[PDB]
Structures are given as C-alpha cells and as structure tokens.
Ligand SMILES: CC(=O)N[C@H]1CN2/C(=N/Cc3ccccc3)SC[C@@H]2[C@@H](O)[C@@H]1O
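Given next, in structure tokens, is a single chain: the form deposited without the named molecule.
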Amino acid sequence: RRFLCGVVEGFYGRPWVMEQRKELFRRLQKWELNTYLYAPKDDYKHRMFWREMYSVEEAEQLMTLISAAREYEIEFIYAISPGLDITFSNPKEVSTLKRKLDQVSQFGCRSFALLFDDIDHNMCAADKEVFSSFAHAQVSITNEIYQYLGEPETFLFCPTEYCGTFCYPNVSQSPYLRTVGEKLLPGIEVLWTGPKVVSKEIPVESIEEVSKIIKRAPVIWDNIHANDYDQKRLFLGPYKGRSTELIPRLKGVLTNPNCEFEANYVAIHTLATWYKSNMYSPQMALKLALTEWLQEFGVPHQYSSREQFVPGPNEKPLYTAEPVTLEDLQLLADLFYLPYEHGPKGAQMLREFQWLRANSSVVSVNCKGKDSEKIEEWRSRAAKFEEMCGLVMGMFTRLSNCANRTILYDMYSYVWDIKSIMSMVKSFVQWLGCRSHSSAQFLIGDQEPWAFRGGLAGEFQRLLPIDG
C-alpha cells in the first residue's frame, strides 16, 4: 500500500528558487518523505496564464528540477489551476490543456494534478446549456484529462469546496460533493483540508463523513503552518492536534509550509516523525526537531588567529560571540508557536505582564506606608519579567552572530520586531516600577516611540474590538 507524505508549495508571495528546492529535496530524502506538490500561487504559467507554453530556459530549469527529484526518489506532482477562466464546453480549451500537460510530461514529469480551489461558483451561458451542474463540468473535464494522460498511478483533484465551512448547507448533504463522488473516476485522489480552511484540529468522525461521500480515502492538504492569510505571523511550533488513527484512513498527508523557506525546517521534521511513528508526543517531537536544527547553525564567526595580538591584563577585551544554544531556540519556538495558541513561555510572559499592569497602583504612587507583602510580591514578579525580557534580548544578540546567517536572514524581521517590542516593554515596566520615587513621564529618550508602532496598519489594528 502506497502512502503519500510530503510538502505542497502552494502559498502566495515570492516563490522559492531552484537552490532552495534542491536543498528541500535533500532534506526530504533524509527525513524519509516521498511527495512534493508544485502549485505555487504566484507562478504566472501555473494559474493565471496556464494556457501559455513554457520557454526554453524555463524548460531547462524544470528538467533539472525533475532530474534532481529523480535522484532523491521524491515523487514530483505538477499542478494546474485552469479554473480561473477555463470554458468547459469549448474543445480548444481542452486541447490547450492537453498540449500543456504533454509539454510537462516531455520534461520527464510523471504525476499531474488539477485544482479548482478559490474560484467562483458561476458558469457561463455556453456551459449552462451543456452541463447540468458545475460539478458535472468539472468532473467531466477532469476525467477526460485523466484518460488522455494514460491513467498515471498518481493523480490529485482539488474540489471547489475543499473545507467544511465552504460546504452548503453541510458536508453530508452537499450536492456538489455527492455529484463529484458519484461521477469521478475511481483512479483519482481527492484533496481535503478538514472542517475549516485553517483547521485547528481534525476529529476522526469528520474524515469518515467525508469518505462516505467521496467513496474513497482523501488526501489531507494541511494548512496548519500556512501563513499567507495574515503574513505578520510566523509559525515554528511542532505538528500538533492530528491523531495518528487517521493514518490508516488517509491516502496521504501534504503540508503547506511557511512562505519563508528556511523557517519550515522544524515543521517538516515534526511531520516526518508524526508519520514515522505509525508506518506520538508533540513535546518530544519538538525537542528532537530543535536538537537536529541546532546543528545547522554551526558556530558564530570568531577572530582568526591562525605575531598575533593577545590582550594584556589592562587591555580592552576582544569582541567575543557566544554560540546559539538550545534554550534560545526553544524560546524562539515559543515566541512563534501556532496559529491558535502561543508557547507556554510566551503565554506565561504575557500573563505575568498583564498581572503586573493590573496591579500597578500598589506601589506606583507613594508606596511607602502601604502593605509590605504586596510591594515585595509585585517587585519580585517584575524582576522575573525583566529577566525573561533579558533572555529574549540575549537570544536575539546571539542569533545575530551565527556564521551561517542565512537561517536568520530569511526570518530577520519577525525576531527583530519581537525583540524591539520586548525592549520597549522592559522600559515601560521599569518606568512603572520607579514611579513612587520618579514622577517623570514614562518616556523612551524624550518621546513615546510606540505612538508610531506599526504605522497606519498598527493604528487600524489597535481600534478593532476584542472581548479581552
């Protein structure tokens, strides 16, 4: 029994380059994964201009990539999303799609996929006069394409309702899914993402409910680490919430990585472990992933003293960089953890800061003459918060010194923003703690720079109501 397990490049934004893809293939072979799906959203010949034919240079790049995939024995699936503007009752569209897929096949590609995600539910008059339903047209064209290609072993189809929240009026009673399941050829696999576009967790019964309609085990398109729906978010936490019992009931698992290429290492590793368990503990998986990931940071750059200056007792010490340690990576992971929850350490820091803010009046003004226990407790908790902020700043400082700076350079902005805001919070907490004897305004320099934090986007964000 073959099982699909791997990565889908299907995020918006700047696409990955050939070097990154080759390194990804090497890592996938190391981690015992077998599937790579190529459907980058912002590739003009993939989705928006699918009708065009690849140029010679693009053809050479594709052939090199496919041969590299062959070297590492990673299945390579090429996807097309013609649903943006394709007309189903016009044979010219079908002929063009066939020619495009044949050009892809002549490069040595073996597996193909057709996607109809994120399109409209309307049909032109030309198709409404032929097909009884939208699903009917989609299934008919998919079946014809599948039969033309010679019935490859692997073939993926993404329905238009790829999540429960897009099923109307529900999953079991959706006419679209019923028609697709009835009329689709048995040899094609079907993508599914769970109850929601970004599903926090997958109950087992939902998969069975979907399978009762599609009459086949689906292939999971998991967006647990996708970050193209709000690109301020970075996700470095482990794979979590998916019970292993789904493995016998699924035909494959395919993960959507973060837009930043180097930020997905841990995620992919966790996924492999999650698979390799049952051919599972999130905490252990994350520990192993970070332990393996640390080896790629190497050592920080240091002065090369291969007639060499050595300082004396009264000379200023040389600049020395400290290595990046396990604790720094764990703190980084907790700072950017999961879409629906934070890491334990970051959540605890936030709760402690909120508590300190709430009880500022205990010692803010004229603390002398008040209850000693409250003063000591508040000051101690403030000190612990200060130490954690210092840990964050030291993490950033040590990460800045890595010899292999590329790992940091692909996610520089997020860590830089979090360390800046931690510094500002530390300054604010100090100002709160010194109010009883310092009546000056809680300024940084001569001003309050956070009045411009986030600019116009930050200002608009600040006015959105929340319950807490």
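In this text, residue numbers run from 1 along the sequence as written.
Note that the form deposited with the named molecule bound isn't included here; everything after this is about it.
Comment: the named molecule is not present in this chain, but in the deposited bound form one of 334, 93, 118, 352 has a heavy atom within 4.5 Å of it, namely 118. Screening 213, 236, 389, 158 for any heavy atom within 4.5 Å of the named molecule in the deposited bound form leaves a single hit, 158. None of the heavy atoms of residue 25 is located within 4.5 Å of the named molecule in the deposited bound form. At a distance threshold of 4.5 angstroms between non-hydrogen atoms, residue 193 is in contact with the named molecule in the deposited bound form. Within this chain, residue 340 is remote from the site of the named molecule in the deposited bound form, having no heavy atom within 4.5 Å.
The closest non-hydrogen atom of residue 228 lies within 4.5 Å of the named molecule in the deposited bound form. Contact with the named molecule in the deposited bound form, defined as any heavy atom within 4.5 Å, is confined among 106-114, 217-225, 142-150, 353-361 to 217-225. Using a 4.5 Å heavy atom cutoff, 162, 197 and 450 all lie near the named molecule in the deposited bound form.
Using a 4.5 Å cut-off on any heavy atom, the residues of 10-39 that reach the named molecule in the deposited bound form are, in sequence order, 10, 11, 12.
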